[PDB]
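Working notes, beginning with the structure itself.
Only heavy atoms go into these numbers, but all of them, side chains included; no hydrogens, no water, no symmetry mates. A note on names: the letters A, B, ... follow the listed sequences, proteins ahead of strands, and every chain is numbered from 1.
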Number of protein chains: 2
Amino acid sequence: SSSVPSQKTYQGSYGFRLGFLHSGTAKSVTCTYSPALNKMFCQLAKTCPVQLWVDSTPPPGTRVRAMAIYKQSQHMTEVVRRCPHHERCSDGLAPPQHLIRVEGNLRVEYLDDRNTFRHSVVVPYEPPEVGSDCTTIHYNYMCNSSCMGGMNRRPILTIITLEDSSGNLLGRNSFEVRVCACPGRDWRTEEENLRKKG
Amino acid sequence: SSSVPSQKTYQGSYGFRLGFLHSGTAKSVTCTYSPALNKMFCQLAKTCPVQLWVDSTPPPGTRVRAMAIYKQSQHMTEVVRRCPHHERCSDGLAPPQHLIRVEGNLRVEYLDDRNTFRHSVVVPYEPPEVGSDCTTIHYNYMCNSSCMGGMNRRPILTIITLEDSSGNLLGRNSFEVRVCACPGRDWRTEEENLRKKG
DNA sequence: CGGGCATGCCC
DNA sequence: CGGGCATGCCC
Ligand SMILES: [Zn+2]
Ligand SMILES: [Zn+2]
């Protein structure tokens with residue numbers, strides 16, 4: 001069986017989808033999202049809010065999992081990891097080899113798959129508070145996309161899966177990520193490239 | 001006492017000096033030397049011939065030591081090391097944390113100073129073969145100057161000391177090193193910069 | 001802050 | 001091979 005996890009969108013019977021906050025114009029904004037590219041541009045080790053939207057209420061015990069995969073076919077089979085440098089100078093529960101962290105959640109779990117060796121981070125699904133339409137999770141990416149010996153400039157996808165306590169896949173979505181020093185610059189560059197030569 | 005080793009030229013009573021081979025014009029020549037800058041430009045993990053010249057014969061048991069130091073005052077006190085990435089994917093006698101290796105010598109010693117924590121690599125001094133005016137040692141630099149988490153774009157000096165078996169300093173010389181992908185390009189850039197704004 | 005250097009890599 | 005993109009950093 002494949003050790004490459006699915007990246008195929010599956011909004012499912014609960015109508016699961018992701019949302020992202022709008023950002024300012026700054027060259028080095030901390031986080032910004034491109035709907036045209038389905039791609040988040042963000043700085044390393046800084047908050048990256050991702051909203052979870054559903055049309056129907058998931059059952060009690062539903063979990064929210066995040067996992068990085070390399071986008072390009074030629075790299076899909078390689079596990080996405082922290083580079084050796086940031087792993088060694090790493091700063092609570094997260095193993096230093098994990099790229100993706102969740103902040104501000106008391107029930108975060110970090111998993112190293114016994115068979116596929118892939119990393120993921122899981123929190124309980126909470127329904128939106130009354131008067132809210134979505135649930136926000138604060139992700140952190142602990143390397144730049146360019147990190148030598150880690151992502152090494154290879155674009156990644158973040159796969160968000162909604163899973164019941166039994167392990168059934170309820171929903172899956174994904175978005176591309178570039179972790180970089182200047183998210184505003186690089187977003188504009190890539191959207192201009194899309195228009196000019198895409 | 002200082003943990004910063006001397007970089008002061010001391011040609012000494014044996015008239016000790018370094019020599020360097022001339023190189024071609026290629027953008028990515030493997031090794032090239034600038035007399036104006038006293039600076040070697042070379043590729044990582046590739047041979048970097050350094051000639052030892054003396055006017056008088058050193059005594060039996062003389063040793064040749066090489067050691068890297070950061071050139072800029074603000075970094076002199078930090079030990080020059082291999083970056084975490086190249087340390088982890090490191091390929092005989094050299095500890096993977098050492099930047100500088102010697103190839104082709106059966107009597108190489110690698111030393112980690114017990115008190116200053118500085119790395120060095122030592123070989124016996126051999127007199128030039130008859131019909132030769134110098135002795136060539138093949139050094140290898142195992143990171144680029146730009147390596148994240150190692151030299152991190154900070155220029156280094158290589159200090160070559162001639163030492164008798166008793167530990168007396170007989171001679172000291174040094175040269176600046178930039179380990180980079182394109183030594184020919186970067187040499188020309190830096191010599192042009194010297195002329196234009198030095 | 002935004003203009004522009006930096007430098008291994010471009011597949 | 002040499003022209004030029006790349007992208008964290010410029011002190
Ligand atoms: Zn990293
Ligand atoms: Zn390195």
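Within 6.0 Å of CD in B:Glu129 there are 12 or fewer heavy atoms belonging to other residues, nucleotides or ligands.
Counting only Watson-Crick and G-U wobble pairs whose two distances sit under 3.5 Å, DNA chain C takes part in these stems of three or more pairs: C:3-5 with D:8-10, C:8-10 with D:3-5.
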Sequence neighbours excluded and cut-off under 3.5 Å, please list the side-chain donor-acceptor pairs for residues 42-50 of chain B, or say none.
from: B:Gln43; atom 1: OE1; to: B:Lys46; atom 2: NZ; distance (Å): 2.7
from: B:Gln43; atom 1: NE2; to: B:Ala181; atom 2: O; distance (Å): 2.9

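For A:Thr158, the side chain to side chain donor-acceptor pair (under 3.5 Å) partners are A:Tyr141, not counting sequence neighbours. With sequence neighbours excluded, no residue satisfies side chain to side chain donor-acceptor pair (under 3.5 Å) with B:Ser56.
Apart from A:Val122 itself, the hydrophobic cluster it occupies contains A:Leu111, where clustering links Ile, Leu, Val, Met, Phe, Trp and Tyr at side-chain heavy-atom distances under 4.5 Å.
With hydrogens and angles left out, the side-chain atoms of B:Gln51 and B:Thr136 include no donor and acceptor closer than 3.5 Å.
For the side chain to side chain donor-acceptor pair (under 3.5 Å) criterion with B:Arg154, the lone passing option out of B:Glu78, B:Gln74, B:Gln72 is B:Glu78.
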Where along nucleotides 3-11 of chain D does protein come under 4.0 Å, by heavy atom, of base (B) or sugar-phosphate alone (S), with - for untouched nucleotides?
-> BB--BBBS-

